[PDB]
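Okay, so here's the structure we're looking at.
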Amino acid sequence: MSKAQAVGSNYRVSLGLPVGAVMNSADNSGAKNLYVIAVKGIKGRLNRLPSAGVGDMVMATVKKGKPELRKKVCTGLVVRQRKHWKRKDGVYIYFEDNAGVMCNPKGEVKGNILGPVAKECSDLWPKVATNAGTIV
Amino acid sequence: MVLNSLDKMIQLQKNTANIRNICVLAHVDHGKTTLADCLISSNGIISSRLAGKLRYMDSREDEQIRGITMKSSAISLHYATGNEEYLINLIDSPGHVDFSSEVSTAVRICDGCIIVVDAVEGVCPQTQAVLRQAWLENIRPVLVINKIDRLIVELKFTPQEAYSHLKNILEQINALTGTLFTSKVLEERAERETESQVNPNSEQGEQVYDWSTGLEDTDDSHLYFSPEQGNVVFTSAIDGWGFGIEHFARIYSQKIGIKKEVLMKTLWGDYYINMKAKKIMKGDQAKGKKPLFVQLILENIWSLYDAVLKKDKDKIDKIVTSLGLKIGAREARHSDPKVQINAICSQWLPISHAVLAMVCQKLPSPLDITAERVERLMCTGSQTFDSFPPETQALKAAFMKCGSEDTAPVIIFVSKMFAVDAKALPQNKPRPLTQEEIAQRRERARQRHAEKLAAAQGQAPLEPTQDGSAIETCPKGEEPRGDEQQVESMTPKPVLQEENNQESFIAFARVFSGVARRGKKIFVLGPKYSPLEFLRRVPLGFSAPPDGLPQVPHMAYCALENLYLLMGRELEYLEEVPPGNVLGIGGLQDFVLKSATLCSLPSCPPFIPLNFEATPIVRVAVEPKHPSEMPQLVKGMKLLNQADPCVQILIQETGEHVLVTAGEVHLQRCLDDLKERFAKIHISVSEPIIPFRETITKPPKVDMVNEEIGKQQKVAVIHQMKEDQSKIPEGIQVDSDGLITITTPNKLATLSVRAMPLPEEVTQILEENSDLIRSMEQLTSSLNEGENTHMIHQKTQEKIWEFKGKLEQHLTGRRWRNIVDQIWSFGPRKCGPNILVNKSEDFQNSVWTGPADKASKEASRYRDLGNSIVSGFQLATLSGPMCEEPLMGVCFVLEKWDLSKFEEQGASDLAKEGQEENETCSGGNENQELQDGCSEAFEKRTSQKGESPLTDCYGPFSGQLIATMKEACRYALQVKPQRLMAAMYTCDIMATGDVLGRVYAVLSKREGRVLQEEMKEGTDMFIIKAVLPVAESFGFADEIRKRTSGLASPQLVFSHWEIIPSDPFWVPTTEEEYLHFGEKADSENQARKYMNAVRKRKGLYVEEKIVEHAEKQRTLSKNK
Amino acid sequence: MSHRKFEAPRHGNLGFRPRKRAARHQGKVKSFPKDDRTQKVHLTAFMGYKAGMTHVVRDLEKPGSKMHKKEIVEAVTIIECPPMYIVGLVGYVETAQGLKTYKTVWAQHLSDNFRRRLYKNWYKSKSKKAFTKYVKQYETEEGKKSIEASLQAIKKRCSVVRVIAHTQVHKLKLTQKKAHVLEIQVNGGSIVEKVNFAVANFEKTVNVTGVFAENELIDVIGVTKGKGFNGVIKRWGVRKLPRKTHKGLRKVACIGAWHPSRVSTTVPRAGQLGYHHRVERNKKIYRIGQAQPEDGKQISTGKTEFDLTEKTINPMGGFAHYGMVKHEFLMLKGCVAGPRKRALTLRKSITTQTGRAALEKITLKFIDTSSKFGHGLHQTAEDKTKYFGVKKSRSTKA
RNA sequence: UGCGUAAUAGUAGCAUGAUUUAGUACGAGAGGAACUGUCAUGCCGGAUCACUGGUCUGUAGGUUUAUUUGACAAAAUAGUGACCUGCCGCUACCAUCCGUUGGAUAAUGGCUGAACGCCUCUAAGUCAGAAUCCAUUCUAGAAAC
RNA sequence: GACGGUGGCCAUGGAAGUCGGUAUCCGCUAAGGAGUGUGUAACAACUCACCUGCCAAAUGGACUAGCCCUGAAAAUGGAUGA
């Protein structure tokens, strides 16, 4: 799932961390944390984490949030990777700290996206682009 | 029109008889895109098709190709053209694909509809279901033919094939016409011709000059083979088209100078102009020359297409010029191949100049056609109508001028309500209350506020771009946001969304009402209003308020501040509707109840009762999940009533957790609804449905029942009935080959019974249930019956003046009129087929007079033993030959029941009984201050004298007695010969020559037989008659469709139930009888599982008690 | 045992399995295309020299992309491309065993290549008078007769011929004490035509402009960096000593099983890190430059915007160990075999190809100048720094 | 002693997604494709270091502790005193660039066509045709020239 | 060429040789089953059984056993000893 990239996949993979990394929910829904289970499309090989997306969809969970949203897996969307990258451009976007949002399995983000969102992510997921006034 | 406002429309909407209701409709929403596309462009309050396609309307090419994609929506499409108003409104009724009540409901939300009929297939369950209602109503529906630019663009043929297509359409429609009505003379009109203008003075006079030729209606005033005064159309939408015959005529007119009417006639069928100088010579009207469409009009279109394909800039322009219209602006602005076409078909498209006139010509007033549509659907009922003398107070004068009153009282009519907890836009807030502000918003929230919205959205959290010219400019709806407001307005606020919280009072519906204003009162009617109920389906007519006549007496009023369909949503501005309209109830009302028509009158004869069933009785006894949400289901079913006409919520016959539907998938849909769009719970479904009737084939043999039909000596009727059960629980004492009695006390209190067949007509009426519950119980306290006594006799023949049993009557002399009083348990539901036979005044304190059922007849006293009888033999009628289910298709007989039996048979069982009760023998006459024996004597009037010396207070105790009656009866049934009387709907399937065999095959596969065929007079269509069971008739239409291409149209009429060969058994509940071992296939069939999860049904009765009672679990059986 | 995974590829391609120290410190050739086009001006192969890399922005031409034209930085390899002098011809002969060098035919033109194939003759490892002309250099006037005699022979003998080419590098700063000879199989036209062309060449000294285009897919051949005696953890893509509690430095762990009861050839093992040839294929090239010396020195990119204000392309200073540009160059799209005293024998691709972004003609914008601690962005940053002060920063370090 | 040849051996790229096709074919419907093209990714393989990140005996500079050299200063010891920067260098799908095309077949589909008047992909004969086969390209270079 | 009584009787608007079932008989002919299939809503049409024209002398089945093939896949490369 979902899947819709992009055109392209907005080029190479970069992560803040793979499996077992907290990033904030950045969402009006009362998920307060997002912890990764795994990432979609990772086919992977012998001993290698299923590694965080640059703006791609993930199997996640609400570890600390609303108890209703707590437990039960959730497809999400990575929004900003603390750990850095170069783009086809020659810039190195880098962030304060990791972040994403909990989302629908057609990609759609629920409420409104908080804070700054890398443009690649927006490009990937049109709903994301729609539901924010910050796309930097 | 690009510019229209609601300020102009509200004033012109007040007046009536010059408005003309028009509606959009199709068989499965086929040709919906085409109709809508052309209308959107025309409409001005949405600012053309540039800022169009808002307020729910999803256009698709799939549909055109052939596709349903059904949806419930509405666009506010009023027109302030010239000096008049035009209440069109884009009605999109989803309907349903199979025949049903749903189809009847949804489709009836239309006045003066245009109907798209036959996509690329006819004589289906689709076309004969939805449009079955529309062509029945004489509302002057116009013949809209399918897309013609498919033949030009997609398939790529010459315009000569258009004619062929038209012909084909006509042919298809002929079949449809011949389902109802008659179509022997109309097969001549299912062709393409114009036999007029063959004379020399016509061929060069009215072809060069104008003159005039008639285009008026002929024979039929429906959609069958008529021009409808120049409103027949060829509706297309690939780049948007809005055109038809009129358009074609217009072009022709422009070439030299011929009248439009004349031209239209020519263009309906074939006409042959030689084109020397638009003058014709005869010889070409018997042989031919060249038809019109390929000569001119569509030829031009074809040429244009060709030009486009090749890519020519001036050629296209030239073609356009030739075609007799202006060439437009976008010819050297863009490269313009399709763009040019698009440009032209925004200038060309506003049909309001042409079509409105045509409409007017067709339809002088909506007042006229309203008189012809009362007698075509339910208004009094299925028997009588309001147009006839039954139910006539002030209706005939009212619906001639339309509406109930000219001052607007409001009414109701079901057309399926909107889904709550999603849309909840009707509110008690200032901006909908203020009717002007909302109107203003509506006219400004198409492409004007959109820019503002955009500005708000992108530039509020600050910095979307990084080092760009978005934050630098900071637009307030100026130069940047002006773009992207012509192909589609980005974020325009289409339906005026919910600013404040949800308060759901949404409803779809129809009401015809006069000039309604804001702050208008209506007298709200209760959850069950008796007066209303008493008015419909009978000749009664009266208007009075509650004086204890309804269940709830009330003197309270409800407000009604608007009339809305939710087409522009919220509390609208356009509320001053004329007599006759497409809108439903508004204000704070979503009550479209069955027994509560919202009116200003406190009670009135209901104008439309809720819709009628296509196939009678489709049910399922489901149960919900998790404990607190048990009444939730019930609550939901109150909302379900509002939506669909039939659900078992009002009046408990089978209990409130049961659906009532007509259809194949309708039931399924209903099931899904109460998980989704009403109550948000989740419930246990059970797709096995409809328990069949259990008929006993013949009586038992010589054992303890001497009055009988001789012998039961058969091996098996279809499955064995002798060695499968019985003969050892209470058969070790008496009866070798079977068991028709009991020996628990062992001849202290015993009985013997018989189950004969009963004639089928008689059964049918019984099972309809004409008798009431009070007709069989408590006649001393309530009123003593009279009209009901003879009716019963007419059905089941038995009386207190019959001392030779049931046998005499069943055989000889049917339909007598006598009193059938003093009956305990007349059937399983107390209104059914079974009866307990009185063949005695008094045996020995048994078998005479009910608990309080009397005919004013007594041998000595009314006192007898009615308490132990009535409860016992009720349970005997509810456990069949395989345990469970009601005895249906049977007239029960009681040979004898004898209490106070001083005889007895020496055995272990007897000994045990003796030990238990310490009685030397049974009685009632005597006592030792021991045991029980309840009777009717004690509660009615104390002691018993005359019929017996002492009152019965002795013999086996009452509970035990009650138990034992059930047991013996159960035993008797089990041993008797029995067959499965399967539930049936006869299939009067409209079929054609090639698809009879296929249909028959299906029937063969799924049980039944073809009885006979009836042929339609003067057509290739027939109608085949064939019985088919009810259980297999579900998913039948779909199957038919799959088999060929839906060329046969099914319709399931109810034609009683019949005996067919299937194993009528199910594993016995008693483990002593399961030692015989009923087989897993033949004594537990898949057809015979309608009981584990298909029998939880009780408004009236479904009680099954645990048999045998004898003190404690240690003292029950010790020597036994 | 199953395995039990799947993947275990041989960590490493087996395709380079001998992994020796490759002999020829120029990209050794053993492969060219074949043709008979009237255009025989193509020779197949140049040889330049790597002297570092820089980077460049260029708007890219590949519609269908997320953006059809958009600025992007690409890295870029630059190589000094001096003159290829051609001291002789070598003919060949077609045969069973392969081909053969019967004997060469050298004209005259230059004799600097000679005192590189030298200073190694007789007792004490080496001497500086020639003991041998015994596989070597002929005369001049009494040399051309031989050529005439043998030209005719090679004209007739249809086996292909290559030119005994060589680059000039003592004209660069590197002062190479190794001989830098290279074959260039002449292609296109008749055998006779080819030999005539070769003959003509001896009179001249070609440069790369004639061989390749500004937009032209090369297959670079070089010698990768020879990183030393080195470990398996580092020589292949093998995951290491599983734990800290483990007892190895330099291991696989299993090296082949009791299985066939001797070790297998193919098993990850440490040796020395690839100093091989390899052939990086289809380097599109963005520019041939004009040669620096005797004007062209202050001209590597022309006009302001799209070539920007004038400059030399080169990376500044003499470098603590390395080279700085002084001749015409090739802007190969990123990366090549080895470091910066290393010979990139070039050859046009075998299967020259259209595809998409193999041929797409291409334009540039800003271009870097390296090292950030000590210097900045060439002439502009030179100026600003100077203005700020001459005690602080100017941007020239010898 | 040059510059070559290439027997022999090994051999590498594999795969996905989006998009076009196309909401077209197909389909009663609900749903719903492909050949080709286009742009990217996963893993893998070969390089590289223009960029960025990583590191530090560059003990290159600073900041600071304790100590010692009378103070200032400049140095030491503290087995690299600690800390912040940090070059060259080495390196990270923690960066970048690169990984082709011919015949031969398999299954299989045919063609003519007998045995066997017809008929048949077959027996004679032969057409197309896999990630296959073998070459091309690529690594090494024989007591081989 | 492959007909008639004939839509034989059943079931069945209809199923006529052929949804399906039964009895399955005779006339005329060299020749034709109340019919092998295809097909038809079903009839028909074609095809078969059945008969003749031409070509012109061999043909058809059913088994039997010799070799060959199918069956017949496992692990370092590979063994009629080569």
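Ordering of the structure tokens sets the chain letters (A, B, ...); residue numbers start at 1 within each chain; ligands are numbered from 1 in the order shown.
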
- [ ] Could you please select, counting only C-alpha atoms (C1' of nucleotides), the residues of chain C within 7 Å of chain D and state them as a ChimeraX atom specification?
- [x] /C:12-18,53-55,64-65,75-76,98-101,135-136,280-281,334-337

Can you pull out the residues contacting stretch 48-65 of chain E? Cut-off 8 Å, using only C-alpha atoms (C1' of nucleotides), and skip same-chain residues under 6 positions away; I want them as a PDB file with N, CA, C and O atoms (P, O5', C5', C4', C3', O3' and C1' of nucleotides), in the first residue's frame.
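Saved to part.pdb:
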```pdb
ATOM      1  P     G E   1     -27.115 -33.907 -53.778  1.00  0.00           P
ATOM      2  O5'   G E   1     -27.770 -35.255 -53.246  1.00  0.00           O
ATOM      3  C5'   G E   1     -29.080 -35.633 -53.692  1.00  0.00           C
ATOM      4  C4'   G E   1     -29.359 -37.072 -53.355  1.00  0.00           C
ATOM      5  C3'   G E   1     -29.885 -37.351 -51.958  1.00  0.00           C
ATOM      6  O3'   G E   1     -31.253 -37.001 -51.771  1.00  0.00           O
ATOM      7  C1'   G E   1     -28.268 -38.969 -52.539  1.00  0.00           C
ATOM      8  P     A E   2     -31.694 -36.137 -50.490  1.00  0.00           P
ATOM      9  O5'   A E   2     -31.244 -37.056 -49.266  1.00  0.00           O
ATOM     10  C5'   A E   2     -31.935 -38.295 -49.011  1.00  0.00           C
ATOM     11  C4'   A E   2     -31.324 -39.066 -47.860  1.00  0.00           C
ATOM     12  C3'   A E   2     -31.147 -38.340 -46.530  1.00  0.00           C
ATOM     13  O3'   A E   2     -32.349 -38.333 -45.761  1.00  0.00           O
ATOM     14  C1'   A E   2     -29.205 -39.610 -47.026  1.00  0.00           C
ATOM     15  P     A E  30     -33.611 -49.411 -56.477  1.00  0.00           P
ATOM     16  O5'   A E  30     -32.700 -49.731 -55.208  1.00  0.00           O
ATOM     17  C5'   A E  30     -32.216 -51.068 -54.942  1.00  0.00           C
ATOM     18  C4'   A E  30     -30.837 -51.016 -54.327  1.00  0.00           C
ATOM     19  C3'   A E  30     -30.762 -50.335 -52.961  1.00  0.00           C
ATOM     20  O3'   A E  30     -30.778 -51.339 -51.946  1.00  0.00           O
ATOM     21  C1'   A E  30     -29.321 -49.233 -54.489  1.00  0.00           C
ATOM     22  P     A E  31     -31.803 -51.242 -50.722  1.00  0.00           P
ATOM     23  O5'   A E  31     -31.540 -49.774 -50.163  1.00  0.00           O
ATOM     24  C5'   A E  31     -30.273 -49.444 -49.571  1.00  0.00           C
ATOM     25  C4'   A E  31     -30.190 -47.972 -49.239  1.00  0.00           C
ATOM     26  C3'   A E  31     -31.356 -47.369 -48.470  1.00  0.00           C
ATOM     27  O3'   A E  31     -31.290 -47.731 -47.097  1.00  0.00           O
ATOM     28  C1'   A E  31     -30.473 -45.827 -50.069  1.00  0.00           C
ATOM     29  P     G E  32     -32.420 -48.653 -46.435  1.00  0.00           P
ATOM     30  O5'   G E  32     -32.647 -47.966 -45.017  1.00  0.00           O
ATOM     31  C5'   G E  32     -31.528 -47.540 -44.219  1.00  0.00           C
ATOM     32  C4'   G E  32     -31.477 -46.032 -44.126  1.00  0.00           C
ATOM     33  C3'   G E  32     -32.665 -45.329 -43.487  1.00  0.00           C
ATOM     34  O3'   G E  32     -32.603 -45.400 -42.064  1.00  0.00           O
ATOM     35  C1'   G E  32     -31.746 -44.062 -45.309  1.00  0.00           C
ATOM     36  P     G E  33     -33.581 -46.375 -41.241  1.00  0.00           P
ATOM     37  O5'   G E  33     -32.692 -46.756 -39.972  1.00  0.00           O
ATOM     38  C5'   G E  33     -33.047 -47.822 -39.061  1.00  0.00           C
ATOM     39  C4'   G E  33     -32.698 -47.439 -37.637  1.00  0.00           C
ATOM     40  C3'   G E  33     -33.727 -46.559 -36.936  1.00  0.00           C
ATOM     41  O3'   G E  33     -34.537 -47.358 -36.075  1.00  0.00           O
ATOM     42  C1'   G E  33     -31.589 -45.500 -36.908  1.00  0.00           C
ATOM     43  P     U E  36     -28.255 -41.857 -32.066  1.00  0.00           P
ATOM     44  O5'   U E  36     -26.828 -42.292 -32.631  1.00  0.00           O
ATOM     45  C5'   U E  36     -25.674 -42.398 -31.768  1.00  0.00           C
ATOM     46  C4'   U E  36     -24.503 -41.631 -32.344  1.00  0.00           C
ATOM     47  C3'   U E  36     -24.333 -40.210 -31.829  1.00  0.00           C
ATOM     48  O3'   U E  36     -23.563 -40.230 -30.626  1.00  0.00           O
ATOM     49  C1'   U E  36     -24.033 -40.297 -34.204  1.00  0.00           C
ATOM     50  P     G E  37     -24.049 -39.448 -29.303  1.00  0.00           P
ATOM     51  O5'   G E  37     -23.335 -38.028 -29.439  1.00  0.00           O
ATOM     52  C5'   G E  37     -23.974 -36.902 -30.081  1.00  0.00           C
ATOM     53  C4'   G E  37     -22.982 -36.164 -30.949  1.00  0.00           C
ATOM     54  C3'   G E  37     -23.177 -34.659 -31.049  1.00  0.00           C
ATOM     55  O3'   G E  37     -22.523 -34.001 -29.968  1.00  0.00           O
ATOM     56  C1'   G E  37     -22.952 -35.566 -33.223  1.00  0.00           C
TER      57        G E  37
END
```

Starting from chain C, keep only residues with some atom at most 12 Å from an atom of chain E, counting only C-alpha atoms (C1' of nucleotides), and report them as a VMD selection string.
chain C and resid 1 to 2 256 to 264

Secondary structure check, helix (DSSP H, G or I) residues of stretch 191-230 of chain C, as a short mmCIF file (atom, residue, chain, number, x, y, z; two decimals) with N, CA, C and O atoms, in the first residue's frame:
```cif
data_model
loop_
_atom_site.label_atom_id
_atom_site.label_comp_id
_atom_site.auth_asym_id
_atom_site.auth_seq_id
_atom_site.Cartn_x
_atom_site.Cartn_y
_atom_site.Cartn_z
N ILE C 191 41.14 -0.69 -45.52
CA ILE C 191 42.43 -1.02 -44.88
C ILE C 191 43.51 -0.08 -45.39
O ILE C 191 44.28 0.52 -44.62
N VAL C 192 43.54 0.05 -46.71
CA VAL C 192 44.48 0.93 -47.42
C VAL C 192 44.32 2.36 -46.92
O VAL C 192 45.31 3.05 -46.63
N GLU C 193 43.06 2.77 -46.86
CA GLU C 193 42.69 4.13 -46.41
C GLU C 193 43.22 4.37 -45.01
O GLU C 193 43.81 5.43 -44.73
N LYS C 194 43.00 3.39 -44.15
CA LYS C 194 43.43 3.43 -42.75
C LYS C 194 44.95 3.63 -42.68
O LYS C 194 45.44 4.47 -41.92
N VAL C 195 45.65 2.81 -43.47
CA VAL C 195 47.13 2.88 -43.40
C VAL C 195 47.62 4.21 -43.89
O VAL C 195 48.54 4.76 -43.27
N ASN C 196 46.99 4.73 -44.95
CA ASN C 196 47.33 6.05 -45.49
C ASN C 196 47.16 7.11 -44.41
O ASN C 196 48.03 7.98 -44.23
N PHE C 197 46.03 7.02 -43.72
CA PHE C 197 45.68 7.95 -42.64
C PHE C 197 46.75 7.94 -41.56
O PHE C 197 47.21 8.99 -41.10
N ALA C 198 47.14 6.72 -41.20
CA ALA C 198 48.16 6.49 -40.17
C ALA C 198 49.47 7.16 -40.58
O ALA C 198 50.11 7.84 -39.76
N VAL C 199 49.83 6.94 -41.83
CA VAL C 199 51.05 7.50 -42.42
C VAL C 199 51.04 9.03 -42.31
O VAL C 199 52.04 9.65 -41.88
N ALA C 200 49.90 9.58 -42.68
CA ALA C 200 49.68 11.03 -42.65
C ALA C 200 49.88 11.57 -41.24
O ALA C 200 50.56 12.59 -41.05
N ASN C 201 49.29 10.86 -40.29
CA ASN C 201 49.38 11.20 -38.87
C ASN C 201 50.79 11.36 -38.38
O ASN C 201 51.04 12.35 -37.69
N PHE C 202 51.74 10.52 -38.83
CA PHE C 202 53.12 10.64 -38.40
C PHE C 202 53.69 12.03 -38.59
O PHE C 202 54.43 12.48 -37.77
N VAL C 208 42.35 15.55 -28.77
CA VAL C 208 41.07 14.89 -28.53
C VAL C 208 39.85 15.49 -29.23
O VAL C 208 38.85 14.79 -29.43
N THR C 209 39.92 16.76 -29.60
CA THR C 209 38.83 17.43 -30.34
C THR C 209 38.36 16.62 -31.55
O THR C 209 37.16 16.51 -31.80
N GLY C 210 39.33 16.08 -32.30
CA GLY C 210 39.05 15.26 -33.48
C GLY C 210 38.46 13.88 -33.19
O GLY C 210 37.74 13.33 -34.04
#
```

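If you measure from each of E:47, E:38, E:12, E:70 to chain B using only C-alpha atoms (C1' of nucleotides), the closest one turns out to be E:12.
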
Mind dumping a table of every chain E residue within 10 Å of chain B, with the nearest atom pair and its distance in Å to one decimal, using only C-alpha atoms (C1' of nucleotides), sorted by chain and rising number, as JSON lines?
```
{"residue": "E:12", "atom": "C1'", "partner": "B:1012", "partner_atom": "CA", "distance": 9.0}
{"residue": "E:13", "atom": "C1'", "partner": "B:1013", "partner_atom": "CA", "distance": 5.0}
{"residue": "E:14", "atom": "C1'", "partner": "B:997", "partner_atom": "CA", "distance": 9.2}
{"residue": "E:15", "atom": "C1'", "partner": "B:997", "partner_atom": "CA", "distance": 8.9}
{"residue": "E:19", "atom": "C1'", "partner": "B:1001", "partner_atom": "CA", "distance": 7.8}
{"residue": "E:40", "atom": "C1'", "partner": "B:994", "partner_atom": "CA", "distance": 9.9}
{"residue": "E:41", "atom": "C1'", "partner": "B:994", "partner_atom": "CA", "distance": 4.8}
{"residue": "E:42", "atom": "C1'", "partner": "B:997", "partner_atom": "CA", "distance": 8.7}
```

- Please determine the contact residues of chain A with respect to chain B at a cut-off of 9 Å, counting only C-alpha atoms, and supply them as a count of residues only. 9

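For the pair atom CA of residue A:19 and atom CA of residue A:44, the interatomic distance is 12.6 Å.
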
Can I get the residues of chain B within 7 Å of chain D, each with the closest pair of atoms and their distance in Å to one decimal, using only C-alpha atoms (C1' of nucleotides), sorted chain first then ascending number, as a Markdown table?
```
| residue | atom | partner | partner_atom | distance |
| --- | --- | --- | --- | --- |
| B:1041 | CA | D:28 | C1' | 5.5 |
| B:1042 | CA | D:28 | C1' | 6.2 |
| B:1045 | CA | D:28 | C1' | 5.9 |
| B:1046 | CA | D:28 | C1' | 6.6 |
```

Please write the residues from the selection above to a file, keeping N, CA, C and O atoms, as a PDB file, in the first residue's frame.
```pdb
ATOM      1  N   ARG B1041     -29.489 -12.342 -15.690  1.00  0.00           N
ATOM      2  CA  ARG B1041     -28.652 -11.345 -16.361  1.00  0.00           C
ATOM      3  C   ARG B1041     -27.347 -11.991 -16.836  1.00  0.00           C
ATOM      4  O   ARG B1041     -26.921 -11.794 -17.988  1.00  0.00           O
ATOM      5  N   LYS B1042     -26.756 -12.759 -15.929  1.00  0.00           N
ATOM      6  CA  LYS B1042     -25.489 -13.440 -16.179  1.00  0.00           C
ATOM      7  C   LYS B1042     -25.646 -14.402 -17.363  1.00  0.00           C
ATOM      8  O   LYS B1042     -24.733 -14.486 -18.184  1.00  0.00           O
ATOM      9  N   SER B1045     -27.948 -11.796 -21.555  1.00  0.00           N
ATOM     10  CA  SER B1045     -27.625 -10.380 -21.337  1.00  0.00           C
ATOM     11  C   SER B1045     -28.802  -9.660 -20.660  1.00  0.00           C
ATOM     12  O   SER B1045     -29.051  -8.477 -20.913  1.00  0.00           O
ATOM     13  N   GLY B1046     -29.506 -10.380 -19.786  1.00  0.00           N
ATOM     14  CA  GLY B1046     -30.735  -9.887 -19.168  1.00  0.00           C
ATOM     15  C   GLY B1046     -31.882  -9.716 -20.148  1.00  0.00           C
ATOM     16  O   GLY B1046     -32.685  -8.801 -20.000  1.00  0.00           O
TER      17      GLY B1046
END
```

- Message: I'd like the neighbourhood of residue D:68 as a PyMOL selection string, where a residue qualifies if any of its atoms comes within 12 Å (using only C-alpha atoms (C1' of nucleotides)), though same-chain residues fewer than 3 positions away should be ignored.
- Response: chain D and resi 75-78

Take the residues just selected and output them with N, CA and C atoms (P, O5', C5', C4', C3', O3' and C1' of nucleotides) as a PDB file, in the first residue's frame.
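File selection.pdb, as written:
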```pdb
ATOM      1  P     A D  75      54.056  28.314  23.175  1.00  0.00           P
ATOM      2  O5'   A D  75      55.099  27.209  23.640  1.00  0.00           O
ATOM      3  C5'   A D  75      54.676  26.005  24.299  1.00  0.00           C
ATOM      4  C4'   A D  75      55.863  25.406  25.006  1.00  0.00           C
ATOM      5  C3'   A D  75      55.593  24.194  25.887  1.00  0.00           C
ATOM      6  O3'   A D  75      55.459  22.969  25.166  1.00  0.00           O
ATOM      7  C1'   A D  75      56.733  25.780  27.163  1.00  0.00           C
ATOM      8  P     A D  76      54.157  22.028  25.365  1.00  0.00           P
ATOM      9  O5'   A D  76      54.690  20.863  26.312  1.00  0.00           O
ATOM     10  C5'   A D  76      55.940  20.192  26.048  1.00  0.00           C
ATOM     11  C4'   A D  76      56.676  19.924  27.342  1.00  0.00           C
ATOM     12  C3'   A D  76      55.977  18.962  28.295  1.00  0.00           C
ATOM     13  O3'   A D  76      56.248  17.622  27.899  1.00  0.00           O
ATOM     14  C1'   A D  76      56.538  20.914  29.477  1.00  0.00           C
ATOM     15  P     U D  77      55.046  16.633  27.498  1.00  0.00           P
ATOM     16  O5'   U D  77      54.766  15.842  28.851  1.00  0.00           O
ATOM     17  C5'   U D  77      55.844  15.275  29.622  1.00  0.00           C
ATOM     18  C4'   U D  77      55.479  15.247  31.083  1.00  0.00           C
ATOM     19  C3'   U D  77      54.201  14.502  31.400  1.00  0.00           C
ATOM     20  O3'   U D  77      54.438  13.099  31.402  1.00  0.00           O
ATOM     21  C1'   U D  77      54.191  16.575  32.534  1.00  0.00           C
ATOM     22  P     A D  78      53.550  12.148  30.461  1.00  0.00           P
ATOM     23  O5'   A D  78      52.062  12.431  30.977  1.00  0.00           O
ATOM     24  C5'   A D  78      51.700  12.149  32.350  1.00  0.00           C
ATOM     25  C4'   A D  78      50.300  12.612  32.707  1.00  0.00           C
ATOM     26  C3'   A D  78      49.171  12.282  31.740  1.00  0.00           C
ATOM     27  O3'   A D  78      48.761  10.944  32.016  1.00  0.00           O
ATOM     28  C1'   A D  78      48.891  14.445  32.752  1.00  0.00           C
TER      29        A D  78
END
```

- Would you please extract all strand (DSSP E) residues from stretch 159-387 of chain C, as assigned by DSSP on the backbone, and give them as a count of residues only? 38

Should the cut-off be 9 Å, what would the residue list for chain A against chain C look like, counting only C-alpha atoms, as a list in words? residues 6, 7, 8, 10, 45, 46, 87, 88, 89 and 90 of chain A
